[PDB]
């Protein structure tokens, strides 16, 4: 049986079970349960039908706390009924969420506060109190330290109640986060499934466990999130003998997803959206993990680096040809020029290269190494310096091609070492034109927050949303996770701070652009255990975030906070299209002339998204009939699957329609 209190707390009564307070003249299970709920310390109690007594820890019956979320779960909204509370003679009202805590630095902790009301009163008498916590077990009141200088998290915990002064957030300025979406496996890696008329599914994957990894295992846990309908499922992919944790990821011309190395460091898996199945690729010429791969102008996939797994040495380039179905080793694609200097040595130094497919089968490497390089696949491979981005390495910085037409790359954050490393606020616009000629680098305004292990996406208007990351790179921690998202506007070279997300998204988190021009932010954590099947019970679960949250940017909102009217792409052929061809589509529901941009479908892991890029379009209109001449350079318009967004003149985007660019 399950009893639900008047605020929504849940207890599970199992008649016939046994396992601080012992109350007699209790007639039933329900009564003992009501005793359990009275006591902030009570997770489990025993009803004794024989002696008619209730023990707060057959002849007996057990009572167990069983909320929809477990104790210690991060929340974005009160799980239970909230109350308002105004401090007498104050004209200052607070929301109170029972059975929850605010974790993080305290401005003050005060002993001998015996009621929630006295805790609210203390908050009212403390300058700059926006969040306080009442400790039901110890009779103490904590005032939380000021945000966003400090990061404060909202956790489900019966010991406490939270007290807050609501902040008015204008979504027309700051966007809006939805609530946490619980997932079966930590989304350490994710990709949009190509589909017509628009994608509806995000696949995501961890390792052999939903919240743990080891080494080679031959299995990956996947989740499948239909963001159209909210349906979620999971599967264990074993048929490719591939633990896909810590891989390279690239989308092929035909929208198949090439997942390369990681825990099974020499294994390759190909996801086919048409079948929803994985097939074995050919083994890589070199075993690799934590490498980046990029799809090229000719549909081949280049990769370099990957010392995380396989041999613990620098890894030269190689290239996959999906038509020959072959890997070729490229020793002339030398790892040495692209190394960082890391306190953990070569294991780290060749990891997570900022790689972009460009003109004539070239590769631009934008970082994270101080120096930028051109790589190529001709002969045995090529390498040359292109520019100096910065005076330090920015390992796991964010980076995105926000304007492929103008060769524009934005990068921000990262840390000089992979871990135990203060993150930078530095940001840069890199401009590329002719491959194997100098790049240009312009330092732009610093980020408002230092961020290691952040994520970034380009939006239809060319702005870049940076989500999560932490002030100091500390693998597998929540520590000083930034919750405030930042929007960088390349037109003004300005940052704006957005609404805060609920959960820190640091190491092993992702972000990715959804077809409604919202951003999924999720994941974080994972536990290392020595062997496949070992117990995770000794793992710090507070750093695991088997969930995500979706950000609506400012462009989705009118000045009054209502949802702005979106253009509708009412008709577009599902036929593939070549570079230089004319895309035509019908647009309804726009006042004045829409703009159009293509955004390549994303794939993401370890602060690496080598599949996304924005290709802005010029359109001409005859009535409701739009036409755009696609760039004729496959270095700009990479093959594969794209979102087509039509935006109002004020910058509100349509739901995307899928466009397939072919060779």
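Positions refer to the first chain, counted from 1.
(request) Between residue 19 and residue 20, count the deposited residues left without coordinates and pick a bin: none, 1 to 3, 4 to 9, 10 or more. (result) The entry leaves 4 to 9 residues without coordinates here.
(request) Would you mind checking whether any residues of the deposited sequence sit unmodelled between residue 52 and residue 53, and how many (none, 1 to 3, 4 to 9, 10 or more)? (result) According to the record, the chain runs unbroken from residue 52 to residue 53.
(message) Tell me which stretch, 113-121 or 501-509, has the higher mean Cα B-factor listed in the entry.
(response) According to the PDB entry, the answer is 113-121.
(request) Taking the mean of the C-alpha B-factors per stretch from the entry, tell me the winner out of 82-90 and 339-347. (result) It is 82-90 that shows the higher mean C-alpha B-factor.
(request) For the C-alpha B-factor as written in the entry, point me to the maximum among 331, 548, 376, 538. (result) So the option with the highest C-alpha B-factor is 538.
(request) By the entry's C-alpha temperature factors, tell me which of 608, 637, 601, 42 sits highest. (result) Of the candidates given, the C-alpha B-factor peaks at 42.
(request) Within this chain's modelled residues, let me know which third the CA B factor of residue 440 belongs to: lowest, middle or highest. (result) For residue 440, whose C-alpha B-factor we compare with every modelled residue in the chain, the answer is the highest third.
(request) Divide the modelled residues of the chain into thirds by Cα B-factor and specify which third, lowest, middle or highest, holds residue 136. (result) For residue 136, whose C-alpha B-factor we compare with every modelled residue in the chain, the answer is the highest third.
(message) Please place residue 72 in the lowest, middle or highest third of its chain according to the CA B-factor in the PDB entry.
(response) Within its chain, residue 72 is a highest-third residue by C-alpha B-factor, going by the deposited values.
(message) Splitting the chain's C-alpha B-factors into thirds, which one does residue 643 fall into?
(response) Its C-alpha B-factor belongs to the lowest third of this chain's values.
(request) Classify residue 289 as lowest, middle or highest third according to the C-alpha B-factor given in the PDB entry, relative to its own chain. (result) For residue 289, whose C-alpha B-factor we compare with every modelled residue in the chain, the answer is the lowest third.
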